Amino acid sequence: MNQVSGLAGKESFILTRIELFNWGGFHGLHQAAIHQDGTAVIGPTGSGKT
Amino acid sequence: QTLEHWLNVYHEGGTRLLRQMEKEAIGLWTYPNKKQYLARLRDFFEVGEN
Amino acid sequence: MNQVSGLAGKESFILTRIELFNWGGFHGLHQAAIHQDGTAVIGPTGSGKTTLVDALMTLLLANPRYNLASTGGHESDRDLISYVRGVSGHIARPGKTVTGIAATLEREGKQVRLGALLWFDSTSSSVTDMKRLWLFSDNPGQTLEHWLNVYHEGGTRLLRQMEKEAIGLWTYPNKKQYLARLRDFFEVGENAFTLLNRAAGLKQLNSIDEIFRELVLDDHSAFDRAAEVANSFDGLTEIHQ
Amino acid sequence: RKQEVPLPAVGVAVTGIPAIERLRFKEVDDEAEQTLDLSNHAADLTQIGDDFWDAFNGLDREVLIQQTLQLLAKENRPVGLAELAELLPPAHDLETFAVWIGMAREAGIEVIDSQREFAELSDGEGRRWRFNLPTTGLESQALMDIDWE
Amino acid sequence: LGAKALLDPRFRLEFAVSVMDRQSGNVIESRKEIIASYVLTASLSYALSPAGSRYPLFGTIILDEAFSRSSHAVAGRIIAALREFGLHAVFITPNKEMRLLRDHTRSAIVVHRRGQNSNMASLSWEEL
Amino acid sequence: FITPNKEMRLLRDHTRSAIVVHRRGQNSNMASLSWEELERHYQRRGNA
Amino acid sequence: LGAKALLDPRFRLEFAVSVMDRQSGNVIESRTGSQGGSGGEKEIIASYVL
Amino acid sequence: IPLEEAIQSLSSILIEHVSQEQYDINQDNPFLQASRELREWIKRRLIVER
Ligand SMILES: Nc1ncnc2c1ncn2[C@@H]1O[C@H](COP(=O)(O)OP(=O)(O)O)[C@@H](O)[C@H]1O
Ligand SMILES: Nc1ncnc2c1ncn2[C@@H]1O[C@H](COP(=O)(O)OP(=O)(O)O)[C@@H](O)[C@H]1O
């Protein structure tokens, strides 16, 4: 399942961290990494994902 | 350079300092209008707006 | 949780059973049961659950919003004739086809049943090529498969003749008079079953106000009056000019 | 371009008579600083409801399907649902029963709703139950002829 | 919305709901999910109750996708309210949030569709 | 992948991380977790 | 729909995706239009195209 | 070329020619140089922008 991810990170640029501040409901500073094997945003419906 | 650094500099000094920082720094660029920044981006990533 | 459910049946009529025949994908006789303390219909997405909901609803309104939930505003691709034909997108039952539906209930342990018998005698599917009947029974001695056999003995006249043979049985060729009979049997105004249709396809609860509007209350907006208002005003304008 | 044309002065506006009184001065007395916020808002997940952890803990049809196939290879015979419960008592009972009937019907095998079989199962809090089940039979052949995706 | 405000009776007024103390009748709240379900059950029960009848004579209600779009506590409140209104209820879901319904229901009907064919298999259970 | 609560089961296997977001009325938070740590957090909630 | 069918380029064309055999020019199966209730294949084809 | 894209690309190009010792070397702001020279070429009617 997860073995196909060698290519990522060798040719292309890869998002790996989004820092936010006073953006939407995210009062104050926030930070979240993204694992270069593919990451998923999870949360209760209506919880700032979009 | 990180969002923390930029916010800290902005608090330490208004827009004047924010625009002055570019020339002091290296590997950094600022764009008081968006389309300039988007052109910089599209150039760096070699892809059209489409 | 459910031990307080003792009021069901003892106090009011509740759903107990359903039967089907040559309806949708349910080719031939097919059946289900219902529990007093409640039940749930389950299955993989797009497997026949809302199909059963529509099959039930066909007998309780002038016309329900067939496939109301999954459409999400989309028009009712499903309806009576397509269900009798078993449509998907290849018609399951072309030519001459027969069909039967029923539901059941109980109050004080005494049974009630609804149903309707449909069939095209030709491959065409006009609204009149459909030969239809509706039924209502307050006697346990009635079931859907028995009605199918009765039809196999003869046409609608036989479904009326067995009504005359038994007591606590009613059948009708026109939907409105059957609906009126059942509604009198429950004192129910048809707006109640309209609300039932509103609920039977409602998705997530958006807001209490919008819920009042879209479920509790009939729309009945007067835009139909505005058209003739404008036309009559233009007519007056003609003479005035 | 910047030659001065001789046009009359009309719409002649007069403004800004420089009365000394109109002056006012920088009121820097608003000294209160706006505090900085550079705190990492480390979050604990225990504040969102069980509706999320439940979907986290839910059943997976793949794992149970493979386990049932292993069992049916072991027994190598038709087996009823109650025996399937006894051999493989689940945790999420009703869903597992639904999956079992789903396989039964994926094989095209008849499920005689008209004749029944029964079982008893405990749950995660020690409470016990009874299941009125329909009669049918699963077979390793049935589910290897069928495939899953 | 303006055309609704002019031609739609429903838009001539804004609906509201208030929580009441049972004994003294004092207002605790003047105003979602927990209340809307009770609202809907109330509306159906009343619409299905003949004049002068304490109960809804036709006490059965259907809910498509009843709880595939609601939290656990919300569906618990739904079933509680249905008990308050003496309404037998039926629910539909595509094999999701099944723990709740299995806990709060005593039977179910599974439907699977093999190509153009469909069929039914009923089931039941109880606690001990 | 942005995902709802449903179908998270399948997605858990075919990825290596999760950005969990929080709703607190008129406030929100967000944290970076791996499935290994989210499993342990679920266990901690089960214990407390 | 009529007006776009005239004055919008990308509305004069119907689109369909035909699966090809690597070892033959034949079409294994073509996907487009209303499926009628089954979409286990349409989903993957459309996602793949996107 | 959209004007902003053009000035960005021209600044990137002129960055290359900073090595030409005998032609107007800029090593403080090539972006402003690109802007000024695009304007100049517009003055010569080499390039007209609409
Ligand atoms: N127009 C809005 N309506 C409701 N909430 C809003 C709105 N705009 C911003 N919000 C705030 O930002 C969020 C926007 O909705 P969101 O939860 O991000 O969508 P989803 O959860 O489906 O991804 C809300 O959770 C809320 O905190
Ligand atoms: N009368 C009809 N018209 C069109 N399609 C129908 C009709 N009857 C059944 N179908 C098919 O039968 C299946 C019904 O599954 P169902 O679970 O009731 O729908 P959903 O899960 O989307 O709410 C669907 O695959 C549907 O396409």
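Quick notes on this one:
- The set of residues in region B:31-50 that are more than 11 Å from every other protein chain (Cβ to nearest Cβ) and polar (S, T, N, Q) contains only B:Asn50.
- Residue that is farthest from ligand 1 (Cβ to nearest atom), among those in region E:39-65 that are of a type in the set (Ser, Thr, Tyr), more than 23 Å from C:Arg113 (Cβ to Cβ) and buried (at least 19 other Cβ atoms within 10 Å of the Cβ): E:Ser45
- You will find that of C:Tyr83, C:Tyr66, the residue that is in a loop (DSSP other than H, G, I, E, B) and either of a type in the set (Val, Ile, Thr) or surrounded by 22 or more Cβ atoms within 10 Å (Cβ to Cβ) (or both) is C:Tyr66 and no other.
- Cβ-Cβ distances below 7 Å connect the following pairs, each with a first residue in region H:1-23 that is at the interface with chain B (Cβ under 8 Å from one of its Cβ atoms), a second residue that is of a type in the set (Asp, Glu), and a separation of six or more residues or different chains: H:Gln8/B:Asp43; H:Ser9/B:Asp43; H:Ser12/B:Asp43.
- Residue in region A:38-50 that is nearest to ligand 1 (Cβ to nearest atom), counting only those that are assigned to a loop (DSSP other than H, G, I, E, B) and under 11 Å from the mean Cα position of the chain (by Cα): A:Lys49
- C:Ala92 being over 24 Å from C:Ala192 (Cα atoms) and of a type in the set (A, V, I, L, M): yes
- Residues that are more than 14 Å from C:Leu135 (Cα to Cα) and surrounded by 17 or more Cβ atoms within 10 Å (Cβ to Cβ) were ranked within region C:175-192; the one that is nearest to the chain's Cα centre (by Cα) is C:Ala192.
- Single residue of region F:7-28 satisfying the filter (loosely packed, with under 15 Cβ neighbours inside 10 Å and either part of a loop (DSSP other than H, G, I, E, B) or of a type in the set (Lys, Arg) (or both)) that is nearest to ligand 2 (Cβ to nearest atom): F:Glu7
- C:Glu106, sole failed condition from (1) in a loop (DSSP other than H, G, I, E, B); (2) within 14 Å of another protein chain (Cβ to nearest Cβ): (1)
- Of all residues in region C:1-33, those that are among the basic types (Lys, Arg) and within 21 Å of E:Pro50 (Cα to Cα) total 1.
- Filtered residue count, region C:86-95, keeping only those that are away from chain G (no Cβ under 13 Å) and within 9 Å of ligand 2 (Cβ to nearest atom): 0
- Residue within region F:34-45 that is within 10 Å of chain A (Cβ to nearest Cβ), within 16 Å of ligand 1 (Cβ to nearest atom) and either under 19 Å from D:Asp50 (Cβ atoms) or in a strand (DSSP E or B) (or both) present: no
- Answer residue from region A:1-35, given it is closer than 26 Å to D:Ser39 by Cα and part of a loop (DSSP other than H, G, I, E, B) and is nearest to the chain's Cα centre (by Cα) among those: A:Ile34
- Residues of region D:73-86 classified as more than 14 Å from chain E (Cβ to nearest Cβ) and surrounded by 14 or more Cβ atoms within 10 Å (Cβ to Cβ), total: 4
- Inspection of region C:143-151 finds no residue satisfying the criterion of being assigned to a helix (DSSP H, G or I), more than 9 Å from every other protein chain (Cβ to nearest Cβ) and within 19 Å of E:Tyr46 (Cα to Cα).
- Residues within region F:1-30 that are closer than 25 Å to A:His27 by Cβ and away from ligand 1 (no atom under 16 Å from the Cβ), tallied: 1
- Residues of region C:44-84 satisfying the condition of being near ligand 2 (Cβ under 9 Å from one of its atoms) and on the phi > 0 side of the Ramachandran plot: C:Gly46, C:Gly48, C:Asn67
- Only one of C:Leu59, C:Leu15 that is out of contact with any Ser or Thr (no Cβ under 6 Å at 6 or more places or on another chain) and either closer than 25 Å to C:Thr194 by Cα or within 7 Å of chain E (Cβ to nearest Cβ) (or both): C:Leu59
- Residues in region A:1-15 that are more than 19 Å from B:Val47 (Cβ to Cβ) and surrounded by 12 or more Cβ atoms within 10 Å (Cβ to Cβ): 1 in all.
Each value in this text was obtained by applying a stated rule to the coordinates, not by laboratory testing. As a convention, Cβ positions derive from the backbone with ideal geometry for all residues, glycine included, and neighbour counts pool all protein chains shown.
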